[PDB]
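Counting starts at 1 for both ligands and their atoms, in listed order. Chain letters run A, B, ... following the sequence lines, proteins first, then strands; residues in each count from 1.
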Number of protein chains: 2
Amino acid sequence: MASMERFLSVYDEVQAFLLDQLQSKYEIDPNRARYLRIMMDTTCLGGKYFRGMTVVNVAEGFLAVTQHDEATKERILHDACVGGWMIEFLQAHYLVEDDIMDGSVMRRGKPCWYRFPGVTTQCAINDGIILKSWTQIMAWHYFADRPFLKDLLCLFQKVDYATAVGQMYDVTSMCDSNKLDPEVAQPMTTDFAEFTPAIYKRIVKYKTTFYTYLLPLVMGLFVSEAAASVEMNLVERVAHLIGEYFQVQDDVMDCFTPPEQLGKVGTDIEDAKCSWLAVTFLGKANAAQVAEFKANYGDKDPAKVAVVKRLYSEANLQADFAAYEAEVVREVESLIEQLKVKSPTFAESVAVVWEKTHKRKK
Amino acid sequence: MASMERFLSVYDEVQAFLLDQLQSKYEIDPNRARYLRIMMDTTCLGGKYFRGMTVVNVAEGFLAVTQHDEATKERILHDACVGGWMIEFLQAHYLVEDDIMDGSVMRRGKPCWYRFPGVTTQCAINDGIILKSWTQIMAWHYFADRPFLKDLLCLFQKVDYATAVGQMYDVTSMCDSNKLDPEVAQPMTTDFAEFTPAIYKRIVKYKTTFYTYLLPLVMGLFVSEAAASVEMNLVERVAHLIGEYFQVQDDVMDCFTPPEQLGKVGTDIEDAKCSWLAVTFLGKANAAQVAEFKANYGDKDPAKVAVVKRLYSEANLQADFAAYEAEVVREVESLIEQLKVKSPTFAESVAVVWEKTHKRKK
Ligand SMILES: C=C(C)CCOP(=O)(O)OP(=O)(O)O
Ligand SMILES: C=C(C)CCOP(=O)(O)OP(=O)(O)O
Ligand SMILES: [Mg+2]
Ligand SMILES: [Mg+2]
Ligand SMILES: [Mg+2]
Ligand SMILES: [Mg+2]
Ligand SMILES: [Mg+2]
Ligand SMILES: [Mg+2]
């Protein structure tokens, strides 16, 4: 698909720019430059490119209905690509750190970045951080004179904070709230009392929906100079909804999509995560079922893991999901309908983003 | 100096803002609020506050020799405190991740954040990131309508990026450049050929000088709208020079100052770090002394460690530091003079900053 290639080509632009700058402003040597090139390829490439491509699509849809000089068209499409990449680079930062936090082995069909035979966990922390840093450099280099620079950077920042906070909810979701104390050694939860829809929604809202759906969407508008022509509240509601569904697919896939189709190896069960499956199960399980689940959740032992999976299967969880899916469908279409009022094209962009998301098998 | 008291009470103001915001916008629960309040205090207070206080002292310099209404005088003093905190919070981000990376045990007389009884490394990483991300929230909230905002953010990003690049130089400073390949497992240098002054200088230039000296000084000029009235070039050089010297003291203390007084347990020898002692030692040792060093360096075994220290002691590195120090004093005063040309008062700020650093013992 053309356009996918156009987007990857701007990646080539961004990379050369970044690496040339290391040579000329940062006294980098050829081997570290190479290391940073490979780290950049591994961590930023290989995914679905939903997030960046969404920004490209939102911008295409305003362009098609809107008067610009050809040069303004080119600048907006180029900005679109560059903003998209800022978002793909922000994902890469998230995934690098998160794979460390989650104890994972595989990303995007390759070993996690920290598990690259010649990487080590300790540079990985720092490479992850370099990834975020690159985003700000791109912003400042490419958008230096653009009128959306402030709005873009300030949103970028809030979305990024929201994500960090969500990752905290995420990373401590098997703790008892009443017990969370940096002074005192942290035993995992035994009642699972905090495995509720509400607690679950809060993790997901923050750890995922902002950077995966809100950010791409508004970015497309920012570079398009088109924020005025939509109802921000509507954009916020739809991004939170689709974003939640997205994280739910991901919880489901952690357990039931095999590594070979998925490109990653599940760890939620091993990690005692407050996942949509755990939450949904604990919401419907009987006394016998709750008890076996309590005896097996949160342990690396493949036989225990396997007992949780049998229980998920027995609990007919695939079908609660399809129910959830259908309710989301209803609500998404409803929000798309409401977005047709001000921006029919944004609306259409959202439909496309929804469609892709809806039928990812990732 | 009444100055320290303004600075500290501003923290209280910043902490409350960040914490209350967490409650009203991020749906946080009181336990997590309490976890972040302690994280915030633990990783941000208890330092020597040279960075933050530099930006206060620089701004105070101009208040002294300009004249302003007390309103404006207090808007600048307040801005300088917030600026100063952004810097301290940025150190905090660096120290938390740097402690995990170095596998250290103690920070400012207490366990490293990631080692606190109920903190997991996995969550510590994310705390470290929340800290960076706090600095951006501050900037946008306190400095929204300030005209230095774009300059300030831009600079901040450059300094942070350079700091990440340098941590990369540092944490791969015990590798053979020629053999730094993500795919291939990588043993540590055996020739130590990269243990040079030029390479040392470059590590330290990026990992430390920019955020320790360049940023607090320029930040001061920023909040005082005084950048125009100094020779930026001089600032850059005096910053790079005090900065190198500053890090040399760190390296020396890492080996020679006791935890009791130091506040951290040394680990440069154990981690095979390209410290100023290893490089100064390789620059003067005879063949038998180089060989003993190579046989012993980069290893936790306390005995191997004691050999290196024995070796360092025998070579009067203590001596060499004084030579270096005395040279640094020449160069510094030189640069201070050159700064009295446009900016007598800023030049005094620097001299103050120098004397603090010069005779610290941390
Ligand atoms: C579920 C989330 C939020 C992280 C996984 O992101 P993706 O599945 O979209 O990762 P890519 O491989 O497409 O980058
Ligand atoms: C030398 C560097 C760059 C890190 C240690 O910094 P400090 O020793 O200045 O730490 P504070 O306690 O003053 O924060
Ligand atoms: Mg993960
Ligand atoms: Mg995770
Ligand atoms: Mg997942
Ligand atoms: Mg360290
Ligand atoms: Mg270090
Ligand atoms: Mg040290």
Side-chain angles (χ1 to χ4, degrees), chain A residues 47 91 94-95 97-99 101-108 112 120 122-123 125-126 129 166-167 170-171 173 200 203-204 207-208 212 243-257 259 262-279 360 362, chain B residues 43 47 91-108 112-115 128 163-174 200 203-204 206-208 211-212 246-251 253-255 262-276 278 362:
Chain A
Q91 182 152 322
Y94 278 112
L95 300 192
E97 298 308 347
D98 173 88
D99 276 335
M101 297 176 297
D102 291 337
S104 296
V105 297
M106 174 178 92
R107 258 301 143 190
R108 315 229 261 232
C112 297
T120 157
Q122 100 215 29
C123 3
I125 284 144
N126 202 75
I129 286 163
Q167 288 282 86
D170 178 85
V171 87
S173 49
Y200 178 78
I203 294 163
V204 157
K207 80 169 178 173
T208 302
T212 304
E244 188 197 64
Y245 179 81
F246 189 76
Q247 190 54 60
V248 168
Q249 299 178 302
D250 180 85
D251 296 353
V252 162
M253 293 179 309
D254 192 80
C255 198
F256 295 90
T257 300
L262 224 224
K264 53 199 201 179
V265 172
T267 72
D268 289 354
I269 292 171
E270 297 78 353
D271 280 4
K273 290 289 165 72
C274 195
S275 85
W276 180 86
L277 291 156
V279 172
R360 78 201 194 97
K362 165 249 192 98
Chain B
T43 65
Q91 221 208 263
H93 157 79
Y94 284 123
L95 293 189
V96 157
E97 316 291 1
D98 175 283
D99 282 338
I100 316 182
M101 304 186 277
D102 298 342
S104 300
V105 312
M106 163 183 105
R107 250 308 152 197
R108 18 226 216 198
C112 293
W113 181 249
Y114 74 102
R115 289 187 46 91
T163 305
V165 177
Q167 277 298 75
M168 200 245 96
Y169 293 147
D170 182 269
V171 87
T172 70
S173 76
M174 75 303 300
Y200 182 69
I203 299 171
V204 160
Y206 294 94
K207 88 172 167 175
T208 290
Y211 85 94
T212 308
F246 187 75
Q247 187 60 52
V248 176
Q249 304 175 298
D250 191 60
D251 290 355
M253 295 178 304
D254 182 273
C255 181
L262 213 215
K264 26 191 226 195
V265 171
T267 79
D268 282 346
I269 302 161
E270 291 91 332
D271 298 345
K273 285 289 163 50
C274 182
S275 63
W276 181 90
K362 280 278 180 134

Student: How would you list, by chain and number, every residue that makes a side chain to side chain contact (heavy atoms under 4.5 Å, CB included) with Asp254(B), sequence neighbours excluded?
Tutor: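 Counting only residues at least two positions away or on another chain, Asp254(B) forms a side chain to side chain contact (heavy atoms under 4.5 Å, CB included) with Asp268(B).
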
Student: Taking side chain to side chain contact (heavy atoms under 4.5 Å, CB included) as the test, write out the residues that go with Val96(B), two or more places apart.
Tutor: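 For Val96(B), the residues satisfying side chain to side chain contact (heavy atoms under 4.5 Å, CB included) (neighbours in sequence not counted) are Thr43(B), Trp113(B), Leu131(B).
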
Student: Between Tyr94(A) and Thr208(A), is there a donor-acceptor pair closer than 3.5 Å when you use the side chain of the first and the backbone of the second?
Tutor: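 No, the answer is negative, given that no donor and acceptor are paired below the 3.5 Å cut-off.
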
Student: So, with waters excluded, how many protein N/O/S atoms does the Mg ion (ligand 6) have closer than 2.8 Å?
Tutor: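 Considering protein N, O and S only, the Mg ion (ligand 6) has 2 within range.
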
Student: Give the atom name of whichever N/O/S atom in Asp250(A) sits closest to the Mg ion (ligand 5).
Tutor: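 Nearest N/O/S atom: OD2.
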
Student: For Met106(B), is there any backbone N or O sitting under 3.5 Å from a side-chain donor or acceptor partner on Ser104(B)?
Tutor: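 No; judged by distance alone, with no hydrogens or angles, the pair does not exist.
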
Student: Are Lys273(B) and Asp102(B) close enough for a salt bridge, meaning some N to O gap below 4.0 Å?
Tutor: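 Yes, this pair counts.
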
Student: Mind checking what makes side chain to side chain contact (heavy atoms under 4.5 Å, CB included) contact with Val171(A), not counting sequence neighbours?
Tutor: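 Result, side chain to side chain contact (heavy atoms under 4.5 Å, CB included) vs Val171(A): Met101(A), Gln122(B), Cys123(B).
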
